[PDB]
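Contents: one structure, followed by commentary.
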Amino acid sequence: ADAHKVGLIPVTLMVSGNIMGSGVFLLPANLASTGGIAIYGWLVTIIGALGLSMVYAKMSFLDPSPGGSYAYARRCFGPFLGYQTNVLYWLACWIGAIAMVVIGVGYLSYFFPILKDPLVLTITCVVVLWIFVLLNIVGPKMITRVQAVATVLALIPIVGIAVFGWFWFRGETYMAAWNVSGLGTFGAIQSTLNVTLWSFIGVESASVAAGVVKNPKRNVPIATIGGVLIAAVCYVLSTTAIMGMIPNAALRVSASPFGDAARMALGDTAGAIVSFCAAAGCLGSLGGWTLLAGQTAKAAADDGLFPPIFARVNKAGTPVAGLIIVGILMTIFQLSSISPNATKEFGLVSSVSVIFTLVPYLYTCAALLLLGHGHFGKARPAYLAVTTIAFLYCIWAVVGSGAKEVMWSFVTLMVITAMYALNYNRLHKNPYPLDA
Amino acid sequence: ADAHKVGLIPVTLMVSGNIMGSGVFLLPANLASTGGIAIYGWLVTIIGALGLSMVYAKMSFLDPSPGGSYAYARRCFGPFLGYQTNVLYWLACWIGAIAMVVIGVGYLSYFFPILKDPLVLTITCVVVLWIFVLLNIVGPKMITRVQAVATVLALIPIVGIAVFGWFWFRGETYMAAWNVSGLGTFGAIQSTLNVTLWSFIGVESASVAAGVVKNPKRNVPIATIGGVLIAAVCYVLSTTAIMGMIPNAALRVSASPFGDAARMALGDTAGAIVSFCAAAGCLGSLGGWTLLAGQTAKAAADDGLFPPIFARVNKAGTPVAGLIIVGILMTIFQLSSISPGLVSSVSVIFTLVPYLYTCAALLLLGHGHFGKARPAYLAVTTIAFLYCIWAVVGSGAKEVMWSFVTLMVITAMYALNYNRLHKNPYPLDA
Ligand SMILES: NC(=[NH2+])NCCC[C@H](N)C(=O)O
Ligand SMILES: NC(=[NH2+])NCCC[C@H](N)C(=O)O
């Protein structure tokens with residue numbers, strides 16, 4: 001409790017918030033490239049995401065350390081694989097933040113065309129970017145509530161259709177466009193896993209924010225599973241709903257499919273509603289990531305595995321100097337990217353960020369078995385089945401990324417292990433030292 | 001000493017053998033795609049390889065554990081990063097052996113066209129493949145000698161030209177093709193590093209076979225550095241020598257540039273010589289890898305980190321059952337072929353991972369023993385780092401992707417096979 005921690009509801013909405021985020025609005029546009037067979041892809045993507053949820057759920061229950069993934073990998077494998085998880089996820093976070101502010105603010109252009117011009121867009125972003133760094137400095141009680149309101153604002157259309165969308169949905173349109181890809185059923189299913197497997201990055205959120213959730217052992221597991229269950233429901237119900245409402249042809253070339261789901265549904269400026277709700281979604285998610293950025297660095301900084309400045313806190317215990325760095329960085333790697341100008345662009349270096357997150361997922365399912373075997377009782381086979389699913393889920397994600405971004409993920413992994421060696425020799429503690 | 005270990009010379013020739021191997025004959029054909037500016041690429045590729053040599057040299061001096069890379073990673077980072085190194089490098093080895101038998105036997109087609117036909121080629125390979133598995137079962141004293149002879153047989157042409165090739169050398173020729181790539185100087189340099197940086201895979205050999213080298217602490221470092229020095233000398237002297245001997249135009253479309261080179265000096269039957277020496281090279285290297293395969297699995301098996309069967313030895317101490325597995329596997333993933341290289345490629349990135357964790361291990365374990373040469377050892381190992389990273393920077397993406405995916409599967413198997421036995425730096429209470 002004591003005192004400014006965050007409760008169950010905010011925490012869980014932070015999970016749903018970060019998960020659904022920017023993408024929930026573009027899904028039916030990308031599945032439309034393959035068809036209604038994307039339903040099968042979901043059934044596979046869901047049980048795979050429920051696996052990784054349960055893993056994080058049980059893990060955080062057993063050890064509710066602050067920093068989630070990072071924490072477990074330190075217990076399991078030592079300071080090095082700890083240091084690796086942080087650096088990766090910490091980047092995966094604040095690069096992820098950058099994507100939110102862009103996408104979010106970009107929805108607002110529907111209201112202010114003023115900001116399609118790329119320069120003004122970047123000025124607006126610094127502003128809104130620092131707005132949320134500041135909200136994060138007034139503390140996790142505060143941003144979790146701003147996100148909680150943001151994300152329920154963002155759920156309005158997504159339930160609206162998910163629930164009321166059926167009233168107009170039919171078979172004729174949905175089924176006609178069952179398999180537009182022109183690939184075999186298993187071919188298609190894989191081509192939808194390319195999209196949908198990245199839909200549940202975010203499941204870690206609660207377990208990472210353990211240090212700031214009120215009753216970690218009860219709540220982190222509830223927020224973890226619950227969050228993922230909200231996301232699943234929406235995804236499935238909403239994008240199957242849209243594929244029986246708008247014809248495939250129109251839908252796959254749509255910039256905002258929910259905006260179009262509107263212009264017939266409630267018509268007129270109902271796109272207004274959706275582009276506000278869409279913008280609210282991201283901006284909420286924005287702040288939620290920058291939070292999590294704040295926490296990993298904190299945890300790692302606290303065990304000597306990240307610079308001391310990230311461990312420095314104000315009296316409430318929130319890492320102010322830590323967040324101001326994330327804030328500065330995002331301001332640097334944002335001016336750098338004024339629509340070309342300096343060089344090129346660049347959604348590569350956000351894509352590599354998304355593989356950085358799958359590495360922690362992997363070391364966590366390892367950590368569950370390697371640390372947790374003691375506490376499994378007679379449910380041993382259950383926990384083996386589940387985590388191997390979580391494994392298949394992480395590998396099968398990378399199996400169908402682009403090469404280019406895995407290559408680069410891998411290169412940054414090498415450079416991470418070059419810095420550890422260079423920065424920690426002397427302080428390092430060897431399982432089997434040499435004598436002097 | 002006691003008793004059937006291997007001495008300095010065989011060890012070091014195993015190093016040079018495995019390094020130069022199949023590639024030393026194809027180098028000047030691939031550098032001919034860019035020109036005599038590949039000389040600059042070499043100067044960068046050399047000091048980078050002398051780094052990673054020195055690293056392995058000092059590491060194996062300090063700890064001369066059997067398994068080299070694997071050993072060090074276990075000390076440094078624990079059983080998991082140990083397990084990771086072995087599985088990788090063990091695959092790196094026996095996939096690498098498959099490549100050698102193919103290439104090696106393929107040179108012999110110059111004598112027996114009978115075996116360009118792809119079926120007969122694979123039958124031949126199983127035969128020769130199991131010839132060397134057997135030679136390896138009669139022990140490391142034996143294969144190291146077969147390799148030593150194989151690799152000095154393979155050095156004939158390579159010194160022949162490297163030394164005597166200068167008599168047909170022509171500055172005009174060499175210069176006129178200075179930069180055929182049509183890229184900027186730094187562009188060209190990078191386009192030659194693509195080839196040359198993979199030239200020194202093998203530096204690990206001696207430190208990996210520490211369990212079988214006579215006086216490990218003196219010899220593994222000598223064989224390590226010495227080996228790499230022999231490879232550098234040849235590479236540089238021989239391929240610059242050829243580029244002033246044969247015009248760029250001819251040279252870059254050559255199937256065997258040494259065959260063409262040699263036909264200028266000895267002439268006529270020089271192709272026979274070269275295709276025998278070229279085949280001797282690979283087949284020697286073939287056995288030397290299957291050796292190293294034998295040793296990692298042994299070392300890991302011995303620490304519970306690989307199946308017990310790989311730790312099982314005959315009275316001489318050599319892992320017979322272990323090698324028969326490698327032998328079977330190579331027989332399976334060979335008949336699997338017919339008709340009906342990526343894999344050989346992914347295997348090559350697998351070897352750069354151990355290199356990395358070794359330079360780490362040098363600093364993380366060795367800092368105690370650096371005395372007042374601290375800066376020297378930091379400078380050197382950071383080169384060794386740049387060398388490993390810069391290799392991967394210019395691989396194909398497809399084979400890094402797959403190297404990475406196999407890394408994930410490796411860590412899923414550790415979790416699945418070692419939970420209960422695993423020892424956590426910071427456990428939970430029950
Ligand atoms: N445009 C992007 N790829 N943004 C990355 C955000 C990832 C986050 N899991 C989401 O789906 O909302
Ligand atoms: N074990 C391996 N992956 N070997 C690949 C061959 C590399 C070696 N430098 C050669 O060209 O001969």
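Lettering and numbering for the structure tokens are positional, with chains as A, B, ... in the shown order, residues counted from 1 in each chain, and ligands counted from 1 in the shown order.
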
### All residues 12 Å or closer to residue 51 in chain B, only C-alpha atoms, same chain fewer than 3 positions away omitted, as number ranges by chain
B: 44-48, 54-58, 200, 203, 224-225, 228-229, 355, 358-359, 376-388

Tell me, as a list in words, which residues lie within 9 Å of residue 393 in chain A, counting only C-alpha atoms; anything in the same chain fewer than 3 positions away does not count. residues 45, 48, 49, 51, 52, 197, 388, 389, 390, 396, 397 and 398 of chain A

Can you tell me which residues come within 10 Å of ligand 1 when counting only C-alpha atoms and all ligand atoms, ideally as number ranges by chain?
A: 15-27, 92-93, 95-100, 102-103, 195-203, 281-282, 285-286, 289, 347-348, 350-351, 353-354, 357

| field | Distance filter 6 Å, only C-alpha atoms, chain A against chain B, as a ChimeraX atom specification | value | /A:75-76,78,366,369-370,403-404,406-407,421,425,430-432

Could you work out how far CA of residue 223 in chain A lies from CA of residue 11 in chain A, giving the answer in Å with one decimal?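 CA of residue 223 in chain A lies 6.0 Å from CA of residue 11 in chain A.
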
request  = Quick one: pick out all helix (DSSP H, G or I) residues within range 142-325 of chain A from a backbone DSSP run and write them as a ChimeraX atom specification.
outcome  = /A:142-167,171-176,185-200,205-212,216-242,248-252,257-265,271-302,308-311,320-325

Closest atom pairs, residues of chain B within 9 Å of ligand 2, only C-alpha atoms and all ligand atoms, as JSON lines:
{"residue": "B:17", "atom": "CA", "partner": "ligand 2", "partner_atom_place_in_ligand_line": "12 (O)", "distance": 8.4}
{"residue": "B:18", "atom": "CA", "partner": "ligand 2", "partner_atom_place_in_ligand_line": "12 (O)", "distance": 6.2}
{"residue": "B:19", "atom": "CA", "partner": "ligand 2", "partner_atom_place_in_ligand_line": "9 (N)", "distance": 4.7}
{"residue": "B:20", "atom": "CA", "partner": "ligand 2", "partner_atom_place_in_ligand_line": "12 (O)", "distance": 5.3}
{"residue": "B:21", "atom": "CA", "partner": "ligand 2", "partner_atom_place_in_ligand_line": "12 (O)", "distance": 3.9}
{"residue": "B:22", "atom": "CA", "partner": "ligand 2", "partner_atom_place_in_ligand_line": "12 (O)", "distance": 4.1}
{"residue": "B:23", "atom": "CA", "partner": "ligand 2", "partner_atom_place_in_ligand_line": "11 (O)", "distance": 3.8}
{"residue": "B:24", "atom": "CA", "partner": "ligand 2", "partner_atom_place_in_ligand_line": "11 (O)", "distance": 6.8}
{"residue": "B:26", "atom": "CA", "partner": "ligand 2", "partner_atom_place_in_ligand_line": "11 (O)", "distance": 8.7}
{"residue": "B:89", "atom": "CA", "partner": "ligand 2", "partner_atom_place_in_ligand_line": "1 (N)", "distance": 8.2}
{"residue": "B:90", "atom": "CA", "partner": "ligand 2", "partner_atom_place_in_ligand_line": "1 (N)", "distance": 8.9}
{"residue": "B:91", "atom": "CA", "partner": "ligand 2", "partner_atom_place_in_ligand_line": "1 (N)", "distance": 8.2}
{"residue": "B:92", "atom": "CA", "partner": "ligand 2", "partner_atom_place_in_ligand_line": "3 (N)", "distance": 4.7}
{"residue": "B:93", "atom": "CA", "partner": "ligand 2", "partner_atom_place_in_ligand_line": "1 (N)", "distance": 4.3}
{"residue": "B:94", "atom": "CA", "partner": "ligand 2", "partner_atom_place_in_ligand_line": "1 (N)", "distance": 6.8}
{"residue": "B:95", "atom": "CA", "partner": "ligand 2", "partner_atom_place_in_ligand_line": "3 (N)", "distance": 6.5}
{"residue": "B:96", "atom": "CA", "partner": "ligand 2", "partner_atom_place_in_ligand_line": "1 (N)", "distance": 3.6}
{"residue": "B:97", "atom": "CA", "partner": "ligand 2", "partner_atom_place_in_ligand_line": "1 (N)", "distance": 6.3}
{"residue": "B:98", "atom": "CA", "partner": "ligand 2", "partner_atom_place_in_ligand_line": "1 (N)", "distance": 8.9}
{"residue": "B:99", "atom": "CA", "partner": "ligand 2", "partner_atom_place_in_ligand_line": "5 (C)", "distance": 7.1}
{"residue": "B:100", "atom": "CA", "partner": "ligand 2", "partner_atom_place_in_ligand_line": "12 (O)", "distance": 7.6}
{"residue": "B:197", "atom": "CA", "partner": "ligand 2", "partner_atom_place_in_ligand_line": "9 (N)", "distance": 9.0}
{"residue": "B:198", "atom": "CA", "partner": "ligand 2", "partner_atom_place_in_ligand_line": "9 (N)", "distance": 5.7}
{"residue": "B:199", "atom": "CA", "partner": "ligand 2", "partner_atom_place_in_ligand_line": "9 (N)", "distance": 4.6}
{"residue": "B:200", "atom": "CA", "partner": "ligand 2", "partner_atom_place_in_ligand_line": "9 (N)", "distance": 5.4}
{"residue": "B:201", "atom": "CA", "partner": "ligand 2", "partner_atom_place_in_ligand_line": "9 (N)", "distance": 4.5}
{"residue": "B:202", "atom": "CA", "partner": "ligand 2", "partner_atom_place_in_ligand_line": "9 (N)", "distance": 6.3}
{"residue": "B:281", "atom": "CA", "partner": "ligand 2", "partner_atom_place_in_ligand_line": "12 (O)", "distance": 9.0}
{"residue": "B:282", "atom": "CA", "partner": "ligand 2", "partner_atom_place_in_ligand_line": "12 (O)", "distance": 7.5}
{"residue": "B:285", "atom": "CA", "partner": "ligand 2", "partner_atom_place_in_ligand_line": "12 (O)", "distance": 7.7}
{"residue": "B:286", "atom": "CA", "partner": "ligand 2", "partner_atom_place_in_ligand_line": "1 (N)", "distance": 8.9}
{"residue": "B:289", "atom": "CA", "partner": "ligand 2", "partner_atom_place_in_ligand_line": "1 (N)", "distance": 6.5}
{"residue": "B:344", "atom": "CA", "partner": "ligand 2", "partner_atom_place_in_ligand_line": "3 (N)", "distance": 6.6}
{"residue": "B:345", "atom": "CA", "partner": "ligand 2", "partner_atom_place_in_ligand_line": "3 (N)", "distance": 7.5}
{"residue": "B:346", "atom": "CA", "partner": "ligand 2", "partner_atom_place_in_ligand_line": "3 (N)", "distance": 8.3}
{"residue": "B:347", "atom": "CA", "partner": "ligand 2", "partner_atom_place_in_ligand_line": "3 (N)", "distance": 5.1}
{"residue": "B:348", "atom": "CA", "partner": "ligand 2", "partner_atom_place_in_ligand_line": "3 (N)", "distance": 4.4}
{"residue": "B:349", "atom": "CA", "partner": "ligand 2", "partner_atom_place_in_ligand_line": "3 (N)", "distance": 7.9}
{"residue": "B:350", "atom": "CA", "partner": "ligand 2", "partner_atom_place_in_ligand_line": "3 (N)", "distance": 7.7}
{"residue": "B:351", "atom": "CA", "partner": "ligand 2", "partner_atom_place_in_ligand_line": "3 (N)", "distance": 6.7}

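Taking CA of residue 337 in chain B as the reference point, CA of residue 323 in chain B is found at 21.5 Å.
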
Q) Can you tell me how far CA of residue 372 in chain A sits from CA of residue 59 in chain A, in Å to one decimal? A)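 Here the two named atoms are 7.6 Å from each other.
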
| request: Rank nothing, just name the residue among A:90, A:427, A:117, A:210 nearest to residue 356 in chain A, using only C-alpha atoms. | output: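 When distances to residue 356 in chain A are compared using only C-alpha atoms, the smallest one comes from A:90.
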
- Write out as a PyMOL selection string which residues come within 12 Å of residue 116 in chain B when counting only C-alpha atoms, dropping same-chain ones fewer than 6 positions away. chain B and resi 102-103+105-110+122-124

Q: Please provide the set of residues having any atom within 8 Å of range 233-238 of chain B, restricted to only C-alpha atoms, with same-chain residues fewer than 6 positions apart removed, written as number ranges by chain.
A: B: 24, 39, 42, 158-159, 161-163, 165
